[PDB]
Structures are given as C-alpha cells and as structure tokens.
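Next up: just one chain, as structure tokens, the form deposited in one PDB entry.
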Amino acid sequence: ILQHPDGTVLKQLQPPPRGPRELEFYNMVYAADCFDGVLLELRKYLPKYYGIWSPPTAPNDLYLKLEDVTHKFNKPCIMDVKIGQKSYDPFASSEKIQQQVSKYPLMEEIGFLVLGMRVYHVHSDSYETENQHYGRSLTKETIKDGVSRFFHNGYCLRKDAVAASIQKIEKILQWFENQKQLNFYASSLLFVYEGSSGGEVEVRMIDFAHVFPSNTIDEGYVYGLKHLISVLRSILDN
C-alpha cells in the first residue's frame, strides 16, 4: 500500500485475474449512476474510491486511488482480519482450494484470520508489528488472546476500542443480512483505533479481488463476523 500525504493511498492492482476483478468491484459499487440501495449502503463501509490511477508517464502501471482510513489518527493502531470460512472462490481449481486451505486450515472452523497488526505502545513510544504468521498460528484455544493483543497499549486493555469495534462490525453484519447479491471471499476488515476514547475507531471492508455475484446470503462471511463479534465480546469480560 502506498500512503500518499494528501490522505489517500494507492493500491496496486494484483496480477490478473485478481487486480482487474478488484477494479471492477470498486467501479460497480461507486458507479455514479448507481441507485441500488444495497450498493449505496455498502459505500459507507469501504474506503472512499477515487477511480483508477496510473503514473503520468506509465499508463501500464495500474492502481486504485483510495481513502486513507488511518488519516484522522495520530498514532493509529491497525489490524487487518480476513473474513469468511473459505478463502478460495467458487471457481477455484482443486489445487487452488488446497493452496488456500493449507495457508490456514482453521478458516472453516474460526471464520476469520488475523493478517497482521501494528500496535502503538505508549510507555515505549513505539510500534509492535505482527506479520501473517502470527494469525496463521492462532487456534480455537488461542484466538481470544491473539485478538486481545491488538487492544493492549502495554498499560491497559482498550475495552473502549473493543466495544466500538463490535458496534461498527454489527452495522456491517446488518448490511450482509440484508443483501443476497454479493459473496465475498478472501476479503478483510481493517480496524483502526487511536493509540496516542471510543473514539476514533474505524472498521472498513477491503480486498475485493474475489467478490462474485450471488443469489444467497454470504453465509461464510456472516459466520466469520458473528464469531469475531463473540470473541470481541468475551474480551470485554477480561
């Protein structure tokens, strides 16, 4: 992700077919002549989309120009969580399914996977970062404590950020329970809170290279959100 100073980021299109699909998703959702109520509501939960972008001298080099969801924070604490039971899409080959399931074989059981976090620590004036192997190591026994780490500034558990995250996720969950036209595979939620309040918490959906038309509720996504809500809720009892 390329963080530009004017409060936006540039996300480079993934190689085909993934980048092109993510481009088309943003184009469908943010079509100026769109009056589909489902899609207009979905806009609230995504980064604001500014269209395709490429460098002036390089029309070959394709990016999405997107809102920087961390812009309004001073010391943003950021967690990326992949949502759903299946990280592979409805047209994946046998090998691709195996590739995806092997990355994290607990996806069906847990319904979400922590892709990373960056946590500001007050008393050291520094960030602790966790990479993809952190989340991939978490089991049903360790997921609650694994998620909890995101909300530890060193001195207190930020239950305010936990509660606000639940409240923001619940609105996304409500959107999913009132649409039967899109199914989302390998998509994520980006959580941001202020590390330096309730207060600023941001929760946005990202990563749309495997969103497909559907005739049904996205059951895997709903399962993941519900399980994530339940884990966060249990952290409020700590």
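A residue's number is simply how far along the shown sequence it sits, counting from 1. Whichever C-alpha set is largest while still superposing within 1.5 Å between the two forms counts as the rigid core.
In what follows, reference is made to the form deposited in another entry, a form of this protein that is not presented.
When both forms sit on the same rigid core, the CA shifts between the shown form and the other one reach 2 angstroms or more only at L173 out of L190, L182, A186, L173. If you fit the rigid core between the shown form and the other one, you'll see the Cα of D145 move by less than 2 angstroms. Core-superposed comparison between the shown form and the other one: CA of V81 displaced by less than 2 Å.
Shown in the overlay between the shown form and the other one, fitted on the rigid core, is a CA shift at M107 smaller than 2 Å. In the other entry, the separation between the C-alpha atoms of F184 and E177 shrinks by 3 Å or more relative to the displayed form.
Here's the thing about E170 and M117: their CA atoms end up at least 3 Å closer in the other entry than they are in this form.
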